[PDB]
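Next up: a single chain in structure tokens, the form solved without the partner chain.
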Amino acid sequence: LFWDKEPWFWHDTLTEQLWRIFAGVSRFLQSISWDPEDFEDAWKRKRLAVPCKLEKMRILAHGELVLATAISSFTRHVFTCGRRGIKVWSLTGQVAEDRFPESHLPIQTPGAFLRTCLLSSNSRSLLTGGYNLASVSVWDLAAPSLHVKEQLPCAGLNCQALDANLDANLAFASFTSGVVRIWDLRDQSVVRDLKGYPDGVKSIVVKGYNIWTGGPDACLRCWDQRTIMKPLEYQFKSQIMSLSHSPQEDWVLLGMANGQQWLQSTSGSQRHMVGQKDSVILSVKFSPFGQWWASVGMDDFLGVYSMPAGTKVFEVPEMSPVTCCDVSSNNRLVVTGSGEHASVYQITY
């Protein structure tokens, strides 16, 4: 696309020639693939292999700054978020750059923004929230027509982080008043309220009965839902930007906003640096199978790292700062967001 001098397809040249005739006046980019049999990556000489290659294959134009992204591979669509609304794209067609979304969901209300979004693991619902809005809404995607099905109330609150757990039917959210609220999707009723810290918590991670939260105060805390026990605090030297949780093994990945990554274990207080940069990490995302992770930073770079020690397999440069990334469940596609655009790469290994 942008990196190449000019992206062309195989029928595009014949179309150009026929247009020239009418008007009287490798080399070919490929489309993305879904079938495992056509993936055909040669054996090295479901799978825990570390990737080895990247190639950009589409560009999405949103018309304004991009705040958050999400990608589904069971259903091919992609979701982009901005301060005015949410746009749904489709990855089934073939084109270098697309301007025509599959749908647009606008939010019109005096002084109503958006900041966050979240897609459920089964691909059947989507959570939305922002500033000065009445409540956090959920959308039903399995229906023959998109529509809101529930409304999770919050009065005079400005949310900044969302998370959802589907096995127990819970929903989580954090607000700028240092309050974390829990809701039940069966009753849409508030369950339990966590409070006591003024700065708030920028990122939240939920697995099992543990809630991990960290923010500019340079501390990480663990809350338990079963009891009302006080959280356990681990002190660091810099402010946390993002968090993620290793699915297979007990390891919490966190970025320190001074270009330093760490791993922390729930069972014991062990730490060890796994990477260092001169930038500020704005996001860390973790692969579904747990063997690698992606990191996007302020100094215009997308990097892929290796779990055992943190060695970086490779990286890609970009013109404008990136602020969000997301990895598919097939472990083959990854989507980042910079400027007013979102780009789609493919993973081959």
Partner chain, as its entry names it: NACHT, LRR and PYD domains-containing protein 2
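Residues that one form lacks are left out of the comparison. Each form is matched to the other, and the largest set of C-alpha atoms that superpose within 1.5 Å is called the rigid core. Numbering follows the first chain given and starts at 1.
A second form of this protein, the form solved in complex with the partner chain, is not displayed here; the remarks below concern that form.
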## Note on the structure
Exactly one listed stretch (80-88, 226-234, 264-272, 181-189) reaches within 4.5 angstroms of the partner chain in the deposited complex by non-hydrogen atoms, and it is 80-88
### Query
Within a 4.5 Å heavy atom cut-off, is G310 in contact with the partner chain in the deposited complex?
no
### Query
Taking heavy atoms and a 4.5 Å cut-off, does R221 contact the partner chain in the deposited complex?
no
### Query
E150 near the partner chain in the deposited complex, any heavy atom under 4.5 Å?
no
### Task
Examine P216 and determine whether its closest non-hydrogen atom to the partner chain in the deposited complex is within 4.5 angstroms.
yes
## Note on the structure
Exactly one of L127, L194, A257, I211 comes within 4.5 Å of the partner chain in the deposited complex through a heavy atom, and that residue is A257
### Message
If you apply a 4.5 angstroms heavy atom cut-off, which residues in 52-79 are near the partner chain in the deposited complex?
### Response
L65
### Message
With a 2 Å cutoff on C-alpha displacement after fitting the rigid core, which stretches of 3 or more consecutive residues move between the shown form and the other one?
### Response
46-48
